[PDB]
């Protein structure tokens, strides 16, 4: 019956979203950059056994190249994103591409004429950087009215500044475009995403949410930075994120942007849980002892108030299947 597009079928979240859509009885069109690279897209053949799944070549840097994948779709899920933070001149090799790639895909949706709603996958990176509140000494519950401070980040350019900036600006641009062209756009703002997916070359948050077990120094540093800034980390199961995305597509009254987040542990509480459940990795929870900081946390109320239900509600349920995914991926050594 209904048809939907997912950009970046080879991606972590995009692969998970394709599965849900097929299981839910959708015809699905997805885009990858190199449909012939079976090292990254071998899962697509398996996913085709669940329902009608069509693969298209596309690149956010090639204008109009999403025209065919998005043609005929009732819903489009803008999941793919550059995400190459790297360095150099981020304003031009990260921020401007991200903004333009988003507008590229948006134009293909207007040219299709069929798209009843675009669902954009942004990030709480576009929510949390509030230099008027961080450093306050007080706790804060941030909601969807909160936007990361682009001006402050451009001025001081702290590490990873271009990530929050890309997300804020691509979302503002996509929203204006949508209003300009009369197309319905809804945005979901995930926290750290945890869980298994079909993608065979996923890295992304799997590396970070598993870093206590692998000892990956970049994942560990990313977790500690979030905790020192917000007094906690925030986690959501990929399958809840996917269901929330589909929920926003299918509920007519859905409107605006939505935090998607479920469990907010401190690092010592997360490490204690992993050490007890997976002792083979030798986690030492005291490695993560930290002061009790004021909590700058994410409000969970918007999706809930509108009738959505998370199914992975405890730490145990959020980590129900990610460890085996990391092992299969090679992210974990055993």
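Positions refer to the first chain, counted from 1.
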**Request:** Would you determine, from the values in the PDB entry, which of 106 to 114 and 77 to 85 has the greater average C-alpha temperature factor?
**Result:** 77 to 85
**Complete:** Ranked by mean Cα B-factor in the entry, 240 to 248 and 68 to 76, top stretch is 68 to 76
**Fill in**
Highest CA B factor of 158, 256, 219, 190, as deposited, is found at 158
**Residue with maximal Cα B-factor (values as given in the PDB entry) among 208, 149, 91, 232** = 91
**Message:** Where does the C-alpha B-factor of residue 6 rank in its chain, lowest, middle or highest third?
**Reply:** middle
**Prompt:** For residue 22, does the deposited CA B-factor place it in the lowest, middle or highest third of the chain?
**Reply:** middle
**Fill in**
By the entry's values, the third containing the CA B factor of residue 100 is the highest
**Item:** residue 144 CA temperature factor, ranked by third within the chain
**Value:** lowest
**Request:** Taking the values exactly as deposited, rank residue 295 by C-alpha B-factor within its chain and report the matching third: lowest, middle or highest.
**Result:** middle
